file model_5.cif (mmCIF, C-alpha atoms)
data_work
loop_
_atom_site.label_atom_id
_atom_site.label_comp_id
_atom_site.auth_asym_id
_atom_site.auth_seq_id
_atom_site.Cartn_x
_atom_site.Cartn_y
_atom_site.Cartn_z
CA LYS A 4 8.82 -25.18 -29.24
CA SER A 5 8.34 -24.32 -25.57
CA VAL A 6 9.58 -21.92 -22.91
CA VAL A 7 9.94 -21.99 -19.13
CA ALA A 8 8.89 -18.96 -17.10
CA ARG A 9 8.41 -18.05 -13.43
CA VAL A 10 4.80 -17.82 -12.22
CA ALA A 11 3.81 -14.41 -10.90
CA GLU A 12 0.47 -13.20 -9.56
CA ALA A 13 -2.13 -11.84 -11.96
CA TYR A 14 -3.05 -8.21 -12.24
CA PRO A 15 -6.36 -7.77 -10.43
CA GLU A 16 -8.42 -6.93 -13.53
CA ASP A 17 -7.23 -10.14 -15.22
CA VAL A 18 -8.41 -12.38 -12.38
CA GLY A 19 -10.94 -14.89 -13.68
CA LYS A 20 -10.29 -14.17 -17.37
CA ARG A 21 -8.18 -17.28 -18.18
CA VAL A 22 -5.36 -15.24 -19.66
CA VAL A 23 -1.59 -15.56 -19.22
CA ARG A 24 0.57 -12.45 -19.65
CA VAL A 25 3.67 -13.43 -21.67
CA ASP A 26 6.20 -10.96 -23.05
CA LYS A 27 7.50 -10.85 -26.61
CA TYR A 28 10.63 -12.86 -25.78
CA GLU A 29 8.70 -15.77 -24.32
CA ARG A 30 6.13 -15.53 -27.12
CA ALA A 31 8.90 -15.89 -29.71
CA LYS A 32 10.25 -18.97 -27.93
CA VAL A 33 6.77 -20.56 -27.90
CA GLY A 34 5.85 -19.43 -31.42
CA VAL A 35 2.65 -17.60 -30.43
CA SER A 36 1.09 -14.20 -30.91
CA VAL A 37 -1.14 -12.28 -28.56
CA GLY A 38 -4.53 -13.99 -28.66
CA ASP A 39 -3.21 -17.51 -29.25
CA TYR A 40 -3.81 -20.28 -26.72
CA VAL A 41 -1.05 -21.99 -24.76
CA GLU A 42 -0.88 -25.01 -22.49
CA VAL A 43 0.82 -24.50 -19.13
CA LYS A 44 2.35 -27.27 -16.98
CA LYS A 45 4.54 -27.27 -13.89
CA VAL A 46 8.23 -27.93 -14.42
CA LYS B 4 -2.18 -31.37 -14.50
CA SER B 5 -2.28 -28.57 -17.06
CA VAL B 6 -4.37 -25.58 -18.09
CA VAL B 7 -5.02 -23.69 -21.32
CA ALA B 8 -5.04 -19.89 -21.27
CA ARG B 9 -5.15 -17.05 -23.81
CA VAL B 10 -1.87 -15.19 -24.40
CA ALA B 11 -1.99 -11.49 -23.56
CA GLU B 12 0.73 -8.87 -23.74
CA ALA B 13 3.04 -8.36 -20.77
CA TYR B 14 2.92 -5.38 -18.49
CA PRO B 15 5.81 -3.11 -19.49
CA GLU B 16 7.80 -3.55 -16.26
CA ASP B 17 7.72 -7.34 -16.69
CA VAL B 18 9.23 -7.24 -20.18
CA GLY B 19 12.47 -9.21 -20.24
CA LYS B 20 11.96 -10.84 -16.82
CA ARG B 21 10.89 -14.32 -18.01
CA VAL B 22 7.75 -14.31 -15.91
CA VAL B 23 4.20 -15.39 -16.77
CA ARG B 24 1.29 -13.78 -14.91
CA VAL B 25 -1.22 -16.51 -14.01
CA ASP B 26 -4.22 -16.02 -11.74
CA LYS B 27 -5.19 -18.24 -8.81
CA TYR B 28 -7.68 -20.26 -10.87
CA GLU B 29 -5.14 -21.22 -13.50
CA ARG B 30 -2.52 -21.83 -10.81
CA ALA B 31 -4.84 -24.30 -9.07
CA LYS B 32 -5.41 -26.16 -12.35
CA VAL B 33 -1.64 -26.41 -12.94
CA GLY B 34 -0.78 -27.16 -9.31
CA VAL B 35 1.67 -24.28 -8.86
CA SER B 36 2.25 -21.41 -6.49
CA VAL B 37 3.64 -17.98 -7.22
CA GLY B 38 7.37 -18.44 -7.78
CA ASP B 39 7.15 -21.92 -9.30
CA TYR B 40 8.29 -22.56 -12.87
CA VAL B 41 5.97 -23.63 -15.67
CA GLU B 42 6.47 -24.84 -19.22
CA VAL B 43 4.41 -23.10 -21.90
CA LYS B 44 3.54 -24.56 -25.33
CA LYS B 45 1.19 -23.50 -28.10
CA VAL B 46 -2.10 -25.35 -28.33
#
call {"tool": "encode", "arguments": {"input": "model_5.cif", "output": "structure tokens"}}
result
Amino acid sequence: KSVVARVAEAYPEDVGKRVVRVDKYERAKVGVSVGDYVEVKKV
Amino acid sequence: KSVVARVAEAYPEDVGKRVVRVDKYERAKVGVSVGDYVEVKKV
């Protein structure tokens, strides 16, 4: 399971926190819940 | 190049837009700019 998504800039309060904001549709495609860890690579 | 990050919930206005919010530190680790496409997989 994987998904492709377009990179957008972080919200300022998230900067430095090593989080990725992913909505419920992308999360379902990846098979993750909030709090899980994902690996991110360029397409 | 890749990076691992913790999944957090999307901002409401981003829901359905197939974007992933990634800060400049994670973007540097992946080698992407805002507007590039990334592939996301569970760790």
call {"tool": "residues_near_point", "arguments": {"input": "model_5.cif", "point": "(6.5, -21.7, -14.3)", "cutoff": "12 Å", "atoms": "only C-alpha atoms", "output": "ChimeraX atom specification"}}
result
/A:5-12,23,25,29,42-46 /B:5,21-25,29-30,33-44
call {"tool": "atom_distance", "arguments": {"input": "model_5.cif", "atom1": "CA of residue 14 in chain A", "atom2": "CA of residue 28 in chain A"}}
result
19.8 Å
call {"tool": "atom_distance", "arguments": {"input": "model_5.cif", "atom1": "CA of residue 4 in chain B", "atom2": "CA of residue 26 in chain B"}}
result
15.7 Å
call {"tool": "atom_distance", "arguments": {"input": "model_5.cif", "atom1": "CA of residue 16 in chain B", "atom2": "CA of residue 15 in chain A"}}
result
15.9 Å
call {"tool": "decode", "arguments": {"input": "model_5.cif", "residues": "range 5-46 of chain B", "atoms": "N, CA and C atoms", "output": "PDB file, in the first residue's frame"}}
result
ATOM      1  N   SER B   5      15.091   9.585   1.570  1.00  0.00           N
ATOM      2  CA  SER B   5      13.760   9.434   2.147  1.00  0.00           C
ATOM      3  C   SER B   5      13.774  10.030   3.545  1.00  0.00           C
ATOM      4  N   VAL B   6      12.584  10.183   4.119  1.00  0.00           N
ATOM      5  CA  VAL B   6      12.468  10.613   5.508  1.00  0.00           C
ATOM      6  C   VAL B   6      11.287   9.892   6.137  1.00  0.00           C
ATOM      7  N   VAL B   7      11.361   9.687   7.454  1.00  0.00           N
ATOM      8  CA  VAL B   7      10.224   9.184   8.220  1.00  0.00           C
ATOM      9  C   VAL B   7       9.607  10.332   9.012  1.00  0.00           C
ATOM     10  N   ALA B   8       8.278  10.357   9.069  1.00  0.00           N
ATOM     11  CA  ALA B   8       7.577  11.399   9.804  1.00  0.00           C
ATOM     12  C   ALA B   8       6.326  10.791  10.414  1.00  0.00           C
ATOM     13  N   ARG B   9       5.841  11.450  11.464  1.00  0.00           N
ATOM     14  CA  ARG B   9       4.630  10.995  12.185  1.00  0.00           C
ATOM     15  C   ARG B   9       3.391  11.570  11.492  1.00  0.00           C
ATOM     16  N   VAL B  10       2.407  10.714  11.237  1.00  0.00           N
ATOM     17  CA  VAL B  10       1.162  11.132  10.599  1.00  0.00           C
ATOM     18  C   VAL B  10       0.338  11.962  11.570  1.00  0.00           C
ATOM     19  N   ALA B  11      -0.082  13.145  11.139  1.00  0.00           N
ATOM     20  CA  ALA B  11      -1.042  13.946  11.879  1.00  0.00           C
ATOM     21  C   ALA B  11      -2.204  14.318  10.970  1.00  0.00           C
ATOM     22  N   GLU B  12      -3.324  14.668  11.596  1.00  0.00           N
ATOM     23  CA  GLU B  12      -4.558  14.928  10.873  1.00  0.00           C
ATOM     24  C   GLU B  12      -4.429  16.174  10.006  1.00  0.00           C
ATOM     25  N   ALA B  13      -5.116  16.156   8.862  1.00  0.00           N
ATOM     26  CA  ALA B  13      -5.085  17.285   7.951  1.00  0.00           C
ATOM     27  C   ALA B  13      -5.854  18.474   8.510  1.00  0.00           C
ATOM     28  N   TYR B  14      -5.399  19.665   8.125  1.00  0.00           N
ATOM     29  CA  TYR B  14      -6.207  20.856   8.305  1.00  0.00           C
ATOM     30  C   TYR B  14      -7.504  20.715   7.525  1.00  0.00           C
ATOM     31  N   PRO B  15      -8.614  21.236   8.042  1.00  0.00           N
ATOM     32  CA  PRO B  15      -9.894  20.949   7.379  1.00  0.00           C
ATOM     33  C   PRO B  15      -9.977  21.404   5.936  1.00  0.00           C
ATOM     34  N   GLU B  16      -9.371  22.544   5.581  1.00  0.00           N
ATOM     35  CA  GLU B  16      -9.470  23.023   4.206  1.00  0.00           C
ATOM     36  C   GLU B  16      -8.640  22.195   3.232  1.00  0.00           C
ATOM     37  N   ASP B  17      -7.709  21.390   3.729  1.00  0.00           N
ATOM     38  CA  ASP B  17      -6.919  20.515   2.876  1.00  0.00           C
ATOM     39  C   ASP B  17      -7.589  19.175   2.620  1.00  0.00           C
ATOM     40  N   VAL B  18      -8.683  18.872   3.315  1.00  0.00           N
ATOM     41  CA  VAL B  18      -9.267  17.544   3.227  1.00  0.00           C
ATOM     42  C   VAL B  18      -9.815  17.332   1.824  1.00  0.00           C
ATOM     43  N   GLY B  19      -9.390  16.238   1.190  1.00  0.00           N
ATOM     44  CA  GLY B  19      -9.803  15.911  -0.158  1.00  0.00           C
ATOM     45  C   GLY B  19      -8.889  16.411  -1.254  1.00  0.00           C
ATOM     46  N   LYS B  20      -7.832  17.152  -0.921  1.00  0.00           N
ATOM     47  CA  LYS B  20      -6.995  17.813  -1.918  1.00  0.00           C
ATOM     48  C   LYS B  20      -5.742  17.026  -2.288  1.00  0.00           C
ATOM     49  N   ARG B  21      -5.539  15.853  -1.700  1.00  0.00           N
ATOM     50  CA  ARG B  21      -4.381  15.000  -1.997  1.00  0.00           C
ATOM     51  C   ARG B  21      -3.068  15.752  -1.846  1.00  0.00           C
ATOM     52  N   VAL B  22      -2.957  16.490  -0.751  1.00  0.00           N
ATOM     53  CA  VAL B  22      -1.709  17.143  -0.404  1.00  0.00           C
ATOM     54  C   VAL B  22      -1.183  16.543   0.886  1.00  0.00           C
ATOM     55  N   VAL B  23       0.120  16.730   1.086  1.00  0.00           N
ATOM     56  CA  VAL B  23       0.792  16.326   2.352  1.00  0.00           C
ATOM     57  C   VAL B  23       1.619  17.531   2.799  1.00  0.00           C
ATOM     58  N   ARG B  24       1.361  18.020   4.011  1.00  0.00           N
ATOM     59  CA  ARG B  24       2.101  19.159   4.536  1.00  0.00           C
ATOM     60  C   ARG B  24       3.382  18.645   5.171  1.00  0.00           C
ATOM     61  N   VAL B  25       4.517  19.130   4.664  1.00  0.00           N
ATOM     62  CA  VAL B  25       5.858  18.662   5.010  1.00  0.00           C
ATOM     63  C   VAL B  25       6.693  19.908   5.258  1.00  0.00           C
ATOM     64  N   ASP B  26       7.426  19.969   6.379  1.00  0.00           N
ATOM     65  CA  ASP B  26       8.179  21.199   6.618  1.00  0.00           C
ATOM     66  C   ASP B  26       9.515  21.179   5.869  1.00  0.00           C
ATOM     67  N   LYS B  27      10.264  22.280   5.991  1.00  0.00           N
ATOM     68  CA  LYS B  27      11.476  22.428   5.194  1.00  0.00           C
ATOM     69  C   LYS B  27      12.561  21.433   5.588  1.00  0.00           C
ATOM     70  N   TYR B  28      12.547  20.941   6.830  1.00  0.00           N
ATOM     71  CA  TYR B  28      13.548  19.954   7.233  1.00  0.00           C
ATOM     72  C   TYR B  28      13.270  18.608   6.579  1.00  0.00           C
ATOM     73  N   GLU B  29      12.016  18.164   6.623  1.00  0.00           N
ATOM     74  CA  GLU B  29      11.679  16.920   5.947  1.00  0.00           C
ATOM     75  C   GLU B  29      11.851  17.057   4.441  1.00  0.00           C
ATOM     76  N   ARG B  30      11.496  18.218   3.875  1.00  0.00           N
ATOM     77  CA  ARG B  30      11.644  18.384   2.430  1.00  0.00           C
ATOM     78  C   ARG B  30      13.100  18.253   2.015  1.00  0.00           C
ATOM     79  N   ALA B  31      14.017  18.803   2.815  1.00  0.00           N
ATOM     80  CA  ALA B  31      15.440  18.691   2.501  1.00  0.00           C
ATOM     81  C   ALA B  31      15.904  17.241   2.552  1.00  0.00           C
ATOM     82  N   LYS B  32      15.389  16.463   3.508  1.00  0.00           N
ATOM     83  CA  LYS B  32      15.772  15.056   3.604  1.00  0.00           C
ATOM     84  C   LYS B  32      15.268  14.256   2.408  1.00  0.00           C
ATOM     85  N   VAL B  33      14.085  14.607   1.892  1.00  0.00           N
ATOM     86  CA  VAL B  33      13.510  13.911   0.743  1.00  0.00           C
ATOM     87  C   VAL B  33      14.072  14.432  -0.571  1.00  0.00           C
ATOM     88  N   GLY B  34      14.551  15.671  -0.602  1.00  0.00           N
ATOM     89  CA  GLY B  34      14.983  16.291  -1.838  1.00  0.00           C
ATOM     90  C   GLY B  34      13.855  16.828  -2.690  1.00  0.00           C
ATOM     91  N   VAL B  35      12.844  17.436  -2.071  1.00  0.00           N
ATOM     92  CA  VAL B  35      11.691  17.962  -2.783  1.00  0.00           C
ATOM     93  C   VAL B  35      11.480  19.416  -2.424  1.00  0.00           C
ATOM     94  N   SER B  36      10.774  20.099  -3.307  1.00  0.00           N
ATOM     95  CA  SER B  36      10.277  21.441  -3.078  1.00  0.00           C
ATOM     96  C   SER B  36       8.766  21.391  -2.954  1.00  0.00           C
ATOM     97  N   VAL B  37       8.204  22.483  -2.436  1.00  0.00           N
ATOM     98  CA  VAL B  37       6.755  22.625  -2.438  1.00  0.00           C
ATOM     99  C   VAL B  37       6.268  22.470  -3.868  1.00  0.00           C
ATOM    100  N   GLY B  38       5.233  21.648  -4.053  1.00  0.00           N
ATOM    101  CA  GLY B  38       4.665  21.392  -5.360  1.00  0.00           C
ATOM    102  C   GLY B  38       5.125  20.096  -6.000  1.00  0.00           C
ATOM    103  N   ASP B  39       6.208  19.501  -5.504  1.00  0.00           N
ATOM    104  CA  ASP B  39       6.636  18.195  -5.972  1.00  0.00           C
ATOM    105  C   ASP B  39       5.687  17.122  -5.448  1.00  0.00           C
ATOM    106  N   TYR B  40       5.795  15.929  -6.017  1.00  0.00           N
ATOM    107  CA  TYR B  40       4.998  14.782  -5.603  1.00  0.00           C
ATOM    108  C   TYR B  40       5.856  13.800  -4.829  1.00  0.00           C
ATOM    109  N   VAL B  41       5.298  13.247  -3.753  1.00  0.00           N
ATOM    110  CA  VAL B  41       5.997  12.236  -2.975  1.00  0.00           C
ATOM    111  C   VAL B  41       5.139  10.992  -2.842  1.00  0.00           C
ATOM    112  N   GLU B  42       5.803   9.861  -2.644  1.00  0.00           N
ATOM    113  CA  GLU B  42       5.142   8.610  -2.341  1.00  0.00           C
ATOM    114  C   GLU B  42       5.261   8.351  -0.850  1.00  0.00           C
ATOM    115  N   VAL B  43       4.166   7.905  -0.249  1.00  0.00           N
ATOM    116  CA  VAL B  43       4.051   7.735   1.199  1.00  0.00           C
ATOM    117  C   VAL B  43       3.699   6.283   1.484  1.00  0.00           C
ATOM    118  N   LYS B  44       4.461   5.637   2.381  1.00  0.00           N
ATOM    119  CA  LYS B  44       4.217   4.251   2.773  1.00  0.00           C
ATOM    120  C   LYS B  44       4.333   4.130   4.281  1.00  0.00           C
ATOM    121  N   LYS B  45       3.611   3.174   4.857  1.00  0.00           N
ATOM    122  CA  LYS B  45       3.748   2.949   6.292  1.00  0.00           C
ATOM    123  C   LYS B  45       5.114   2.363   6.594  1.00  0.00           C
ATOM    124  N   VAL B  46       5.691   2.788   7.713  1.00  0.00           N
ATOM    125  CA  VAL B  46       6.887   2.164   8.253  1.00  0.00           C
ATOM    126  C   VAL B  46       6.460   0.919   9.003  1.00  0.00           C
TER     127      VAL B  46
END
